[PDB]
Every structure is written in C-alpha cells, then in structure tokens.
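Inspection log for the structure reproduced underneath, given as structure tokens.
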Amino acid sequence: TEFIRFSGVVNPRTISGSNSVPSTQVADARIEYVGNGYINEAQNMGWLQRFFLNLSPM
Amino acid sequence: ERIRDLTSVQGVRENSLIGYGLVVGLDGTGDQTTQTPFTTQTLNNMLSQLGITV
Amino acid sequence: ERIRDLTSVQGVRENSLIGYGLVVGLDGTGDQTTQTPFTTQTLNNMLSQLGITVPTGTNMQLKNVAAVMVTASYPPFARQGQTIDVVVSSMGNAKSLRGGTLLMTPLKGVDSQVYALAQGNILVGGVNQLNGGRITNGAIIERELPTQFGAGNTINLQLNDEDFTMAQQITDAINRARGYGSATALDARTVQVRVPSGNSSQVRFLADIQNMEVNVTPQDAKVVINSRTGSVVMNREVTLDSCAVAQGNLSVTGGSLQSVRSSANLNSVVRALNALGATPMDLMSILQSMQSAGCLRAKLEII
Amino acid sequence: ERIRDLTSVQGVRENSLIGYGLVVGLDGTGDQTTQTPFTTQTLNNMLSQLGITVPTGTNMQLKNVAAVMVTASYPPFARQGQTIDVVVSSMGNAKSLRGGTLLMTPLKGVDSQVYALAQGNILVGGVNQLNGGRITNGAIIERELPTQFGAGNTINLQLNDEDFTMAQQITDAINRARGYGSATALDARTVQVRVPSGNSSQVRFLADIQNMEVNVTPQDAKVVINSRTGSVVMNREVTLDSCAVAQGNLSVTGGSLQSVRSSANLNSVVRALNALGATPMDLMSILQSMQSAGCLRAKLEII
C-alpha cells in the first residue's frame, strides 16, 4: 500500500476559480510519500551495512 | 468682518488628502486597458477582495 | 429649521456599501464575453450554486448579460427589513442597461461583512447616461450596527463649517432657550450639550433643539472660480478698492485702461465689474490678477 | 393613512427569491444554442427526468427555446397556496420573449431551499423591452416561514427616514390617543410600543395605530441633482442669500454678472433662479458653485 499525506496553511485569496491551489503557495507545508510491504522492505539498508556506513573509519 | 478677512488663528489650518480610485458606469469613454495595466491589475485586486478569482 | 440645517449629531453618520452583481434581460446590449472572462466565470458560479454544472473549455457568447457594481448608503440607526436605494453602474464594455433586471447581490462594507441584499429593476431615463441607473428601495437591510447613543450625559454638535462666532451664537441660543449649563462650546465646529440619561430624554431634548431658530452672522468674503465649468460666484461680503484694469481686446466705451472705483456694497461691485464689459473667461484672469495686486479683498478659491 | 405611510412594523419584511427556467413557444426568437451550451444541457436534463434519453454528441439547433432567470418577492406572513407575481428576464443571446410560456421553475432564497414554484405565460408590452416580462400570479407559495409575531409585549416601529422630531411626534400622537405608557421613543427611526399579549390583541392594536393622523414637521432643506437623467429637484425649505453669478454665454437682459437677491420663500427662489435664464444643464454647475461659495443654504446631493 502507498500513503500520501499533506498538511499546510493556505491563504484563502490565493485559491483559483476552479477551487485548486498549487502547492508552492501553501505556507508551512508537510509532504509525505511512503509505502509498506516487501517492496518497501527491499529498499531499506541492512543493519550491519548501516552500522558499517555510520561507524567506518572511512 | 475685518479681523476674519485679514488674519488667521494659530493652530487652525487645512491639510491635503490624496487617494486612488476607479470610476465605472461610463458610456464607452474609459481608458485603453491594453496600454494601462494598472487598471486591470487593481480591478483584479478588487475582485479578489470581493471573492472573485479571475 | 436652523440647527438641523447647520449642525450634525455625534454618532449619527452614514456609511458606504459596495457589491458586485449581474444584470440580465437586456436587448442585446450586454458586454463582449470574449473580452471579459469574469462575466462567464461568475455565471458558471451562479449556475453551479443553483445546480447546473456546465463543462469547462466551451465558449459562451452572451448579449443580454452585463457585469455591474452596486453602491449604496447605509443610513444611521438602520434596522433589518428596511429598504434603501442603490446605484447600479456598468463595468466592462456593455452598451446600455435599458430595461434590465439586477439579480441578488451582497452589499459589503470595508470590514468584508455583508449588510444588505440587493435585487430589483433598473430605471434608466433614456442626452442621458446608458450604463448607469438607480433602483428605488432595491436593497433590504439585514445587519444592524450597535451604537453608543443613549449612554452618557454629553452630546456633541458638529458644525458644517468652522466658525467661532457661529458656535458662540448656537451656544447662546441653546443657553437662552433651555437653561444656564445646557451647552458648552468646545471649538469652532464642536459644541457640547449636556443631556439627561435615558434614550427617551435624549430624543426629546434633540427634538426640541433641532427646530430652533438662530440668526446667521456674516461670514468670510470669498470668490469661487470653477474653470472646468466656466462659472464665477461671488459672496455678499466681497468689497473692492480702487484700481486700474488693462485687458486684451478691451477698451473704454476709448483708451485701454479702465478705472474701477472703490465699492463696499455687492451691487456696486457688480455694477463696477459689468462696466468693464468682459466675458466670464476673461473675468477669471481679471479677478486672479486683481487678487494678486491686492485690490480684490475677498479670498480666491479655485475649485 | 399616516402611520402606515411613514413607518414599518418590526418582523414584517419582504424577501427575495430567484430561480432558473426555460421559455418555449417562441416564434423563432430563441437564443443560439451553438453558443449557449447550458440551454441544450438543461433541456437534456428535463427530457431525462421526463423519460426521454437523447444520445450525446449530436448537435441540436433550437429557435423556440430561451434560457431565463426568474425573480420574485416573498411577502410577509406568506401561506402555502397563495399566488405572487414574478419577473422573467432573458439570459444569453435570445431575441425576444413575445408570446412565450414559462415551464416549471423552483424559486430559492439565499439558504438554497425552495419556497415557490413558478409556471405561467409571459406578457410583453410590445419602444419596449423584448427580453423582459412579468407574469401576474405566476408562482405558488409552497413553504412557510416561522415568525416571532404574537410573543412578547413590545413592538418596534421603524421610520423610513431618521428624525428625532418626527419620532417624538409619532410617540406623542400614540400617547395622546391610547394612554400614558403606550409608546416609548428609542432612537431617531425606532419607536417602541407596548402591546398586550396574544395575537388578536396585537392585531387589533396595530389596526388602530396604523390609520392615525400625525402632522409632518418641516424637514431638512435639500437639493437633489441627477446628472444622468438631467433633472434638478429642490425642496420647500431651501433658502438663498445674496450673491453674484457669472456663467458662460449668459448676460443680463447687459453685463456678464447677474445679481441674485436673498430669498426666504420657495417662490422667491424660483423667481430669482428663472431671472438668470439658464438651461438645467448649466443650472447644475451654477448650483454646485453656489453651494461651494456658501450662498446656497440647502445641502446638495448628487444621485
């Protein structure tokens, strides 16, 4: 499953006549696009590789 | 009759006030909006304040 | 008869209301919708509120619809249900508003809140203006404004024109009519009147005050020139000294210099000026140069 | 005869109703359906409600159908089954509504709820307007609005124009007709009247009040100018001082300055102004400059 979440504050005079606002006009925007399932599990780094990335000498 | 026609009182004075506005209801005698962009811009501002978003 | 014709009551004032609307029923005199997109956009908004959802993209050419602005005056102490007159003025490129009908229009003030709803028929005289009209009792008040009237014990009367002498005369008239400490002059267009508490007592006091008669003292001598309309109006207090006047294409009925004697009465001033035999267009330049020379005594105002 | 011609009862007010409909039976004077898609779309909606499902995509050119807007006034205390008149105005690019017939049309207020159904025949006078008409008893009320009338013990009378003196006169007339504590003046266009409880007692009290006679006090002097229709109307209280008037292409019947004497009566003002011998178009500029100079005493309003 895929999740799209949006939050923000929008000035009411910036709304167009088709009741549509572009996202660049929204103040204090929060945009999230995440997923789950094994497709999302296949894009996470393993724990030993994460520790080797964080704690390598170089 | 003579003092009021020759002198003025201290602290009693007029001032000047200025503003910008629009005139509607003309019979085709308005300005060319293709050459004056401020007329269309302020009309859009007035409509957006009223609630119309062109 | 004199107090109500010279002063205004504090807290009693009008306001302005504006709104946007549409006029239908025109005989092909509406604006070009291809050049004004707001007419078609607001028509789609009205239809969508009513329940009709037109598709977008398709062109609409209309001849019977005109976008208008509606202006109105909010009266003092207004109650909901009362009727006021409105003025309807066309915006855009409409031809005429002859026999039109105005739909529902909210009338808002500067606080962006509604105060009246307007709907009616536009009356055009039918030269005469064609893009402007007036509707009698075309709007209904629907929001009341709270007032501070009734509270307190003092009320200020505000003069239309500033004068210490006129304010003193008004204060003396109220004092000799009602009582000793009835009124107090604050400044040249503000007189404070003491009234008892309660709404009924203040209403009765104002009804007795407003119909009083007060002699009007002589005012400042002033000459008003309107060059746009070509009019010159003088005052009863205007006087003149003796001077000499020279003007192009003018002569004594035979030299070029014409002598004007000193005049105190207004009729003498009119007689002396008509002895020159000049047009009002030339008289404006004559009066301006006379005021610069100091022979003219009144103050000159150009409106 | 005087109370009903000067005041209104609180809670007794009209409303506005609007709706959208179609007119059929025209003699080829309908709007161009190729430029107005809402006419064909609403016709398809009407046929689909009736039971006819036309296919989409195919063009329809009509000459006898016109899209219209219907306006109506909701009367106070309205009951279902009563009839009101409606005004039908054409929208789009229709030619004329001569001999048309209006189909069923819901009439909704600002609350987006129905209140009346309209159907009838449009009467056009047949210059005269062709895209507007009026139907007598063309709509039937079908929703009643609850009222607060009958409850309480006080009722407010609202004046058409604000005046402390007129409100005091109305209160004194009611007090000398009915009793001591019958009425109380609140403000310049609001008078509170005490009434007994019950609907029948209040109806009887209002029937006795509304036909009373009350003398009308002199009002404020006011001069109204309508430049769009070219009319100037003065008042009975307008007075004049002595001044001098100069105007282009005007002269004494021979100088350019014309003297106007001070006038108190209205007939003297009319005689003094007709001595100038000016057109009303020039008289507007003369009156405006006279009010700026202070020789004119009435307040000037430009409608």
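The way I read the labels, and the way they are meant: chains A, B, ... in the order of the structure tokens, residue 1 as the first residue of every chain, and ligand 1 as the first ligand shown, with later ones counted on from there.
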Residue C:227 surroundings by only C-alpha atoms, 10 Å radius, close-in-sequence under 6 positions cut, as an mmCIF file with C-alpha atoms, in the first residue's frame:
```
data_model
loop_
_atom_site.group_PDB
_atom_site.id
_atom_site.type_symbol
_atom_site.label_atom_id
_atom_site.label_comp_id
_atom_site.auth_asym_id
_atom_site.auth_seq_id
_atom_site.Cartn_x
_atom_site.Cartn_y
_atom_site.Cartn_z
ATOM 1 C CA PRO C 280 -16.506 85.340 -17.705
ATOM 2 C CA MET C 281 -13.490 83.580 -19.268
ATOM 3 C CA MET C 284 -11.259 84.818 -14.277
ATOM 4 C CA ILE C 302 -10.242 77.685 -7.492
ATOM 5 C CA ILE C 303 -12.340 74.518 -7.394
#
```
Would you list which chain C residues are within 6 Å of chain D using only C-alpha atoms, as an MDAnalysis selection string? chainID C and resid 24:25 27 60:64 81 125 128:129 199:200 203 207 231:236 274 277
Can you spit out the residues from that selection as an mmCIF file, in the first residue's frame, using N, CA, C and O atoms?
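Result saved to selection36.cif:
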```cif
data_model
loop_
_atom_site.group_PDB
_atom_site.id
_atom_site.type_symbol
_atom_site.label_atom_id
_atom_site.label_comp_id
_atom_site.auth_asym_id
_atom_site.auth_seq_id
_atom_site.Cartn_x
_atom_site.Cartn_y
_atom_site.Cartn_z
ATOM 1 N N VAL C 24 -29.496 41.034 -16.179
ATOM 2 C CA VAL C 24 -29.986 40.214 -17.281
ATOM 3 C C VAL C 24 -31.213 40.878 -17.890
ATOM 4 O O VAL C 24 -31.671 41.921 -17.412
ATOM 5 N N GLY C 25 -31.753 40.278 -18.951
ATOM 6 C CA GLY C 25 -32.918 40.828 -19.614
ATOM 7 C C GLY C 25 -32.638 41.968 -20.561
ATOM 8 O O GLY C 25 -33.583 42.640 -20.992
ATOM 9 N N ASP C 27 -31.627 43.892 -24.095
ATOM 10 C CA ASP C 27 -31.968 43.678 -25.500
ATOM 11 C C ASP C 27 -30.716 43.734 -26.377
ATOM 12 O O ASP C 27 -30.548 44.606 -27.229
ATOM 13 N N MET C 60 -18.725 30.618 -24.588
ATOM 14 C CA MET C 60 -20.061 31.157 -24.364
ATOM 15 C C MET C 60 -20.066 32.618 -24.780
ATOM 16 O O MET C 60 -19.346 33.434 -24.197
ATOM 17 N N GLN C 61 -20.875 32.948 -25.785
ATOM 18 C CA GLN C 61 -21.069 34.323 -26.218
ATOM 19 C C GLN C 61 -22.464 34.777 -25.815
ATOM 20 O O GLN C 61 -23.463 34.185 -26.238
ATOM 21 N N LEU C 62 -22.528 35.824 -24.997
ATOM 22 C CA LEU C 62 -23.772 36.324 -24.438
ATOM 23 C C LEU C 62 -23.981 37.772 -24.857
ATOM 24 O O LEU C 62 -23.022 38.528 -25.036
ATOM 25 N N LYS C 63 -25.250 38.155 -25.009
ATOM 26 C CA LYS C 63 -25.599 39.514 -25.387
ATOM 27 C C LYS C 63 -26.550 40.191 -24.413
ATOM 28 O O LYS C 63 -26.760 41.403 -24.530
ATOM 29 N N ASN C 64 -27.123 39.459 -23.461
ATOM 30 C CA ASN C 64 -28.128 40.003 -22.560
ATOM 31 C C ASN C 64 -27.638 40.138 -21.127
ATOM 32 O O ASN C 64 -28.423 40.519 -20.254
ATOM 33 N N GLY C 81 -34.838 44.691 7.609
ATOM 34 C CA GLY C 81 -36.126 44.763 6.964
ATOM 35 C C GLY C 81 -36.418 46.084 6.277
ATOM 36 O O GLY C 81 -37.337 46.146 5.451
ATOM 37 N N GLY C 125 -33.253 56.717 -17.606
ATOM 38 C CA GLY C 125 -34.053 57.803 -18.151
ATOM 39 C C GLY C 125 -34.234 57.720 -19.656
ATOM 40 O O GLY C 125 -35.333 57.950 -20.169
ATOM 41 N N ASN C 128 -28.662 61.193 -22.298
ATOM 42 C CA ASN C 128 -28.750 60.572 -20.986
ATOM 43 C C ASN C 128 -27.738 59.440 -20.894
ATOM 44 O O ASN C 128 -27.346 58.852 -21.906
ATOM 45 N N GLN C 129 -27.315 59.148 -19.666
ATOM 46 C CA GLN C 129 -26.388 58.050 -19.429
ATOM 47 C C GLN C 129 -27.089 56.714 -19.637
ATOM 48 O O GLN C 129 -28.258 56.542 -19.281
ATOM 49 N N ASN C 199 -32.735 57.068 26.928
ATOM 50 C CA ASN C 199 -32.899 57.287 25.493
ATOM 51 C C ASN C 199 -34.043 58.250 25.199
ATOM 52 O O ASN C 199 -33.945 59.072 24.280
ATOM 53 N N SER C 200 -35.142 58.146 25.952
ATOM 54 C CA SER C 200 -36.320 58.971 25.690
ATOM 55 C C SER C 200 -36.064 60.440 26.006
ATOM 56 O O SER C 200 -36.554 61.325 25.293
ATOM 57 N N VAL C 203 -33.831 61.853 23.187
ATOM 58 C CA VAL C 203 -34.619 62.027 21.966
ATOM 59 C C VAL C 203 -35.500 63.271 22.069
ATOM 60 O O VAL C 203 -35.595 64.062 21.122
ATOM 61 N N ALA C 207 -35.168 66.677 19.829
ATOM 62 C CA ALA C 207 -36.317 67.161 19.069
ATOM 63 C C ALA C 207 -36.610 68.629 19.358
ATOM 64 O O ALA C 207 -37.048 69.361 18.464
ATOM 65 N N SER C 231 -17.639 78.955 -14.419
ATOM 66 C CA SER C 231 -18.538 79.702 -13.550
ATOM 67 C C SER C 231 -17.737 80.480 -12.517
ATOM 68 O O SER C 231 -16.713 80.000 -12.022
ATOM 69 N N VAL C 232 -18.211 81.682 -12.193
ATOM 70 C CA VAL C 232 -17.630 82.524 -11.150
ATOM 71 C C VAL C 232 -18.757 82.970 -10.229
ATOM 72 O O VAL C 232 -19.720 83.595 -10.687
ATOM 73 N N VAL C 233 -18.643 82.650 -8.942
ATOM 74 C CA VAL C 233 -19.644 83.011 -7.944
ATOM 75 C C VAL C 233 -18.963 83.819 -6.844
ATOM 76 O O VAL C 233 -17.964 83.375 -6.269
ATOM 77 N N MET C 234 -19.506 85.002 -6.559
ATOM 78 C CA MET C 234 -19.008 85.883 -5.516
ATOM 79 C C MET C 234 -19.888 85.769 -4.271
ATOM 80 O O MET C 234 -20.883 85.045 -4.244
ATOM 81 N N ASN C 235 -19.504 86.492 -3.220
ATOM 82 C CA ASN C 235 -20.198 86.453 -1.939
ATOM 83 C C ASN C 235 -20.744 87.839 -1.606
ATOM 84 O O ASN C 235 -20.390 88.840 -2.235
ATOM 85 N N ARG C 236 -21.621 87.887 -0.601
ATOM 86 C CA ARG C 236 -22.235 89.145 -0.187
ATOM 87 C C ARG C 236 -21.272 90.060 0.561
ATOM 88 O O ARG C 236 -21.545 91.261 0.673
ATOM 89 N N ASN C 274 -19.451 94.984 -14.329
ATOM 90 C CA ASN C 274 -20.172 94.978 -15.597
ATOM 91 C C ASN C 274 -19.859 96.197 -16.453
ATOM 92 O O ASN C 274 -20.143 96.183 -17.653
ATOM 93 N N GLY C 277 -17.360 95.168 -19.173
ATOM 94 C CA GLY C 277 -17.907 94.503 -20.340
ATOM 95 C C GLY C 277 -17.097 93.322 -20.838
ATOM 96 O O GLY C 277 -16.865 93.191 -22.043
#
```
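The gap separating atom CA of residue D:174 from atom CA of residue D:195 is 12.0 Å, in Å to one decimal.
Take atom CA of residue D:115 and atom CA of residue D:144: the distance between them is 7.7 Å.
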What is the distance, in Å and to one decimal place, between atom CA of residue A:57 and atom CA of residue A:44?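 Pair atom CA of residue A:57 / atom CA of residue A:44 returns 22.6 Å.
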Distance criterion (only C-alpha atoms): nearest to chain C out of A:18, A:50, A:7, A:42: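 Of all the options, A:18 lies closest to chain C.
Proximity ranking of A:19, A:56, A:38, A:32 relative to chain B places A:19 first, based on only C-alpha atoms.
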